[PDB]
Structure formats: structure tokens, C-alpha cells
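Each chain gets a letter, A, B and so on, in the order its sequence line appears, and its residues count up from 1. For ligands, and for the atoms within them, numbers begin at 1 and follow the listed sequence.
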Protein chains: 2
Amino acid sequence: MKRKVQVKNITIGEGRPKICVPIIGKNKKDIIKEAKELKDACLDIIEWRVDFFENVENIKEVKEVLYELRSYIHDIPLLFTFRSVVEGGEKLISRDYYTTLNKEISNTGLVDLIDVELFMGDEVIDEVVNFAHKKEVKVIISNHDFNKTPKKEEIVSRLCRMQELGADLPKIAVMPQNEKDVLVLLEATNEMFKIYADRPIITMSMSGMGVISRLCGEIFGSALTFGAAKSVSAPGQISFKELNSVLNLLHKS
Amino acid sequence: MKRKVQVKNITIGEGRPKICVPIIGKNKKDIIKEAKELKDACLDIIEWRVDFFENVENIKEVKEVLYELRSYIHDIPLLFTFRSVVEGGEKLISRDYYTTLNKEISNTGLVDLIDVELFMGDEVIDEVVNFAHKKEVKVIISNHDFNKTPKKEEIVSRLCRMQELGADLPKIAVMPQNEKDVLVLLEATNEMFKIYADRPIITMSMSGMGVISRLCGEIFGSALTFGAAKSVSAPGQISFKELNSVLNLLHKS
Ligand SMILES: *[C@H]1C=C(C(=O)[O-])C[C@@H](O)[C@@H]1O
Ligand SMILES: *[C@H]1C=C(C(=O)[O-])C[C@@H](O)[C@@H]1O
């Protein structure tokens with residue numbers, strides 16, 4: 001009754017939640033060094049957090065890294081994400097360029113998924129999505145709130161809008177100010193998963209307090225969880241290796 | 001700040017939730033066989049589910065087991081529990097023997113904690129609680145519902161009755177019939193913890209669906225969690241060695 005998102009040998013939205021490991025190097029040497037350490041590691045998808053790449057405004061240099069990166073990762077699903085400043089990024093860039101970066105990178109045929117930020121707008125979203133599906137690229141439409149956890153109804157409403165915008169995978173990250181906020185996130189996730197969701201969704205409650213939301217996706221509905229290699233790409237992620245053992249332990253419980 | 005329950009080298013209600021493992025053997029040899037396996041294991045407390053013991057109706061023989069058991073787990077905290085048929089037990093006994101068993105054993109000075117069922121009535125509870133504290137034995141006043149998860153308010157109400165009846169550790173285990181019921185348990189748990197708790201509490205949502213409640217007590221408020229050795233004594237138990245790593249992992253988070 002729900003659609004699944006297949007990327008290579010990985011089926012998002014079925015079985016145990018899929019582990020995604022970010023690459024956050026500031027330069028080609030470190031990025032390649034990062035990719036080499038993950039080739040034979042136990043994980044499902046790799047996310048290139050390009051917002052960390054120092055020459056990110058130079059599209060040719062971004063492609064150069066992308067080529068070399070695919071050579072080492074060959075058939076591991078690869079998500080491309082430029083996380084903007086409003087949603088936790090550190091590099092500021094034009095909105096016209098955010099579109100160009102995502103389109104040009106989508107056009108290479110080298111990325112399997114691309115992340116597009118909801119707030120960025122219908123104009124930006126529709127163009128990135130239409131062009132990503134041209135090349136069979138799956139799209140994550142994402143939304144992050146680093147200060148608050150909206151009410152469950154509001155969270156559900158955002159995941160629904162993302163779905164209307166053609167997102168192959170709606171994604172929402174929220175920040176708890178208390179323990180109950182964490183449960184509100186889980187509550188909205190399962191209501192979405194059971195009643196309104198039409199495909200897989202990705203959700204998380206950030207920081208140490210909401211870490212449970214990164215582990216219990218199999219019961220509650222989040223199809224993908226992010227684990228860190230050396231350093232964190234978002235507050236609350238634990239090492240991908242420990243995430244793998246916890247997900248496996250819960251798969252047989 | 002509030003009360004903590006000290007049993008030997010273990011401080012319940014501080015840092016990591018504590019791990020309790022039950023011994024469920026039917027005869028002396030098996031019980032001791034289990035004790036030797038948990039002797040130097042990474043657990044905090046050992047629970048003797050004496051209801052599994054075939055010769056439970058002869059106090060003499062029950063005591064003969066304690067004496068030998070101690071020789072192995074002399075320094076490890078020992079909880080003595082006779083789980084009645086009504087709340088998941090496997091052996092029927094008169095309410096009067098239930099009292100004498102708990103009083104006689106508690107009188108030996110060999111047990112560190114004992115579990116009395118809330119629904120067993122104030123008569124039985126006052127009698128057992130009073131005597132227990134006189135021997136300096138901690139009391140867990142418990143309640144289990146294998147059918148459903150009562151509304152949040154009821155769970156907190158039960159946990160509160162337990163405190164007023166003098167429990168050193170209130171305990172409730174409930175059965176989820178849906179994912180939301182798991183969040184209700186956690187929500188009720190956190191409410192007790194921040195608003196009404198004067199002592200550490202123990203809570204869990206049973207079955208695979210509720211397993212997440214055995215892993216996140218540090219955040220939501222449960223001070224003790226039960227893990228299985230070779231097999232489970234309640235639906236949804238994880239092996240104790242695995243449980244230990246997840247709790248240590250989440251403690252530093
Ligand atoms: C989306 C969400 C993340 C998280 O909360 O862990 C990590 C980021 O790197 C992703 O873009
Ligand atoms: C009380 C709770 C249990 C649980 O749900 O794990 C098992 C019993 O052994 C305890 O007495």
C-alpha cells in the first residue's frame with residue numbers, strides 16, 4: 001500500500017531502518033580519506049554534506065571531488081546535500097546557486113539522492129525535483145527546527161506538504177526542550193507512518209535527549225537514521241558502528 | 001534532589017539505569033548453574049524468580065537454595081520475587097504462604113530486595129513492607145498488566161499509591177496494544193520522575209514493540225531495567241550483555 005524508495009541494492013522503507021553516514025571533509029584530501037575508510041564499512045547510504053567543502057562555490061571543483069568520490073564508493077547509494085545556514089549550515093550561498101549546484105550535480109548521473117530544503121520554496125523545489133526525476137534521482141525534502149519541537153499536528157502537516165511537493169522521502173528534524181517533546185516527535189512519526197504517509201519518511205529528535213528517535217525507527221516509522229564516522233553532522237547522532245549494533249539488536253526483538 | 005536506593009555497591013537512581021537479571025531455574029542445581037554464569041557478569045542486580053522453583057512450598061528448601069546461592073553471588077545485590085499466577089507467575093500459592101515466604105526469607109538477612117504485588121492488598125503489603133524494613137531489605141511494590149496499557153493518569157496513580165504504601169522502588173510493567181501505548185508508558189514514567197517521585201521508579205512497556213522502554217530509562221526516568229540471561233521472564237527482554245552496552249552507550253550521549 002506504501003511505496004518504497006529503491007537506491008541500488010538498498011530498499012528504503014522496508015526492514016531495518018537504513019544507516020546513512022555523512023562525509024563532512026573541508027577539502028578533497030580529507031573527503032577522499034573519509035570515503036576510503038567507509039568503503040567496506042557496515043552502512044547503507046553515504047551523504048556528502050557538501051556545505052563543508054571549502055571550494056563549494058566552484059562547481060568544477062565540486063564535480064572533481066564527486067568523480068573521485070564515486071570511484072571509491074562505486075555502488076554505495078550516495079545522497080548529495082548542501083545544508084543551508086537557516087537550517088544549520090555554515091556556508092552562505094545564493095539561492096540561485098543552490099539551485100544550480102543541485103541541478104548540475106543531479107545531471108552528472110553520479111548521485112542517487114538529493115536533499116532539498118522545504119523553506120527554500122515551491123519555485124526552487126519544483127525545479128530541483130522535476131530535474132532530479134529526469135535523471136532517476138530520489139529527493140529528500142527536508143526541514144529542521146533547532147529551537148523547538150512543533151506540536152504533532154504541525155509536524156504531520158509539514159511531512160504531508162513535503163509529500164505533496166513530490167518528495168520521495170519527507171525528512172524533518174526537530175529540537176526538544178523537554179522529554180515530552182521527544183515523544184511528540186515519535187507520536188507524529190507513527191501517526192504519519194500509519195495514517196497519512198504514502199511513502200517512507202525520515203524523522204529525528206535532535207540532541208542527546210532525543211537520541212532514542214534515531215534508534216527506534218523500526219517500531220515508530222522513520223526509514224533512515226544518520227550515524228557519524230568521526231564527528232557529528234547534526235547534534236545527537238552516535239557513531240554509525242554503534243548505531244548498526246543497536247538497530248540489529250532491535251530488528252530481532 | 002530526591003531519594004536513591006542503596007543496595008551494597010549499587011546505587012539505584014544514579015547514573016546508568018541498573019541492570020537486573022532473573023534466575024528462573026526449577027531445581028537447586030539449575031539455579032546454581034545460572035548463578036555461576038551471572039557471578040562475574042556485567043550486571044548490577046540478580047533477581048531470583050522463586051515462583052519457578054518446584055520446591056517453593058517448603059521454606060526449608062528455599063532457604064537451602066539461598067545459602068548456597070550467596071556463596072557464589074555474596075557481594076551482588078539479590079532481589080527475591082515470587083511472581084503470583086495472576087501477574088504472570090507459573091505456581092499457585094495461598095495468600096498466607098505468600099506472606100510467610102516473603103517474611104521468612106527477608107528474615108534471613110540473605111536477600112537485599114523483595115518484590116510485593118500492589119494488587120495483593122494493603123493487609124499483605126503493610127505486613128511485608130514493615131517486616132522487610134526491619135531487616136533492612138528494600139521493597140519493590142510491583143504491578144503488571146499483560147493485557148493493555150492503562151491511561152497515563154492511572155499509571156502515575158499506581159506509581160503514587162506504591163510510594164505511599166512505602167515502596168523503596170515503585171514498579172509497573174504494562175503491555176502495549178499499539179505504538180502509541182509505548183509512548184504513554186514513557187510519558188507517564190517521565191511525569192512521575194519530574195513531578196511526584198520521591199524515590200527511583202521502575203517502568204517498562206512489554207513485548208518487542210515496547211523494547212525501547214528498556215533502553216532509555218536514563219532520559220525518561222526508569223531506574224532499573226531487566227535483561228535476560230539465557231531466556232526471558234517477561235515478554236520483550238533483551239540479553240543482558242547487549243543491554244549493558246546500549247545503556248553505557250546512551251549514558252555518554
Ligand atoms: C539530515 C539530518 C541529520 C541528522 O539529524 O542527523 C544529519 C544531516 O547530515 C542530514 O542532512
Ligand atoms: C518484573 C518485570 C519484568 C519485566 O517486565 O521484565 C520481569 C520480572 O522478572 C520482574 O519481576
Under 4.0 Å to a heavy atom of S233(A) - the qualifying atoms of ligand 1, by number: 7 (C), 8 (C), 9 (O)
Salt-bridge criterion met for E90(A) and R83(A) (N-O under 4.0 Å): no
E54(B) with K26(B): basic N within carboxylate O range, under 4.0 Å: no
Interatomic spacing from OG1 in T189(A) to CG in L186(A) - rounded to 0.5 Å: 6.0 Å
Nearest-neighbour protein heavy atom for atom 6 (O) of ligand 1, which is reported as residue plus atom name and distance: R214(A) NH1, 2.8 Å
Shortest reach to atom 2 (C) of ligand 2 by a heavy atom, considering only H144(B), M206(B), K171(B): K171(B)
Axial cation check for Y98(A) ring with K103(A), 6.0 Å and 45° limits: no
Quiz item: cation-pi between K171(A) and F226(A), 6.0 Å / 45°: yes
Interfacing atoms of ligand 2 (cut-off 4.0 Å, heavy-atom, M204(B)): 2 (C), 4 (C), 5 (O), 6 (O)
Check: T81(A) N/O within less than 3.5 Å of ligand 1 N/O: no
Proximal ligand 1 atoms for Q237(A), defined as those under 4.0 Å from one of its heavy atoms: 6 (O), 7 (C)
Under 4.0 Å to a heavy atom of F226(B) - the qualifying atoms of ligand 2, by number: 6 (O), 10 (C)
Ion pair check, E242(B) and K252(A), cut-off under 4.0 Å: yes
Atoms in ligand 1 with a heavy atom of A234(A) nearer than 4.0 Å: 3 (C), 4 (C), 5 (O), 6 (O), 7 (C)
Atoms of ligand 1, numbered as shown, that sit under 4.0 Å from any heavy atom of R49(A): 8 (C), 9 (O)
Atoms of ligand 1 close to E47(A) [distance to a heavy atom under 4.0 angstrom, numbered from 1]: 8 (C), 9 (O), 10 (C), 11 (O)
Electrostatic pair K138(A):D112(A) at N-O distance under 4.0 angstrom: no
